[PDB]
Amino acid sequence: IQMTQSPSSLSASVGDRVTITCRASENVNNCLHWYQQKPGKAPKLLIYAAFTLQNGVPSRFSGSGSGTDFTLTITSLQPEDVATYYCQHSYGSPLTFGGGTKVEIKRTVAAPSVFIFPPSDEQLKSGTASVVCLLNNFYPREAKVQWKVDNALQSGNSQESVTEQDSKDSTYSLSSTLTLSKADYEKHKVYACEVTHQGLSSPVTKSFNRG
């Protein structure tokens, strides 16, 4: 049996009512269950038998539907509900899951706090210099991070990673890591990361001198 969820993702504000749908290719009566999953964690059962709330789950989660058409509702979206929601049918075998609906939060703009870390002495002894720029607790997710070495704009030697949306405050954090050989690192004096973001009225630069 084929399980089809919609939408694939949605964005709502805290307090909004969220509606997610699951469509089964054939009748499954009430053998339809809902799960919540956050990045890096196991799924958690929310609702079984299409409407029965699992003990400990808050009452703002409710399910309805019968046959082929099912709805998961969140009546007042809370920040900790950011997650992907999965339906699953158990009418016979094989058990199969929907493709998931990602629920994301819209919130007010928050500027990043910006931090920079010079390479450790232990890493330098190994012959590599990683420089880390951290953007912490910002919203929305889009951010621009540029590296400058001795005032020259870099390309080609950095990698970025962004967190999932925070379950308490709905923000993101981002890291940008510049990696050079010890020799190339010792060719230059000033290392700086410049951050542009919607919540910053001007770009923020964090810099240090190799010494």
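Throughout, we count residues from 1 along the sequence that is shown.
In this entry, the higher average B-factor at the C-alpha atoms falls on 99-107, of the pair 131-139 and 99-107. For the segment pair 19-27 and 6-14, the entry gives 19-27 the higher mean B-factor, averaged over Cα atoms. Out of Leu178, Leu46, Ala183, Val162, it is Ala183 whose C-alpha atom has the highest B-factor in the PDB entry.
Which of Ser113, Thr73, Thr84, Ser76 has the largest Cα B-factor in the deposited entry comes down to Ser76. Compared with the other modelled residues of the chain, the Cα B-factor recorded for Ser170 ranks in the lowest third.
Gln154: CA B factor lies in the middle third for its chain, per the PDB record. In the deposited entry, the Cα temperature factor of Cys193 sits in the bottom third of values across the chain's modelled residues. Sorting the modelled residues of the chain by their CA temperature factor places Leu53 in the highest third. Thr68: CA B factor lies in the highest third for its chain, per the PDB record.
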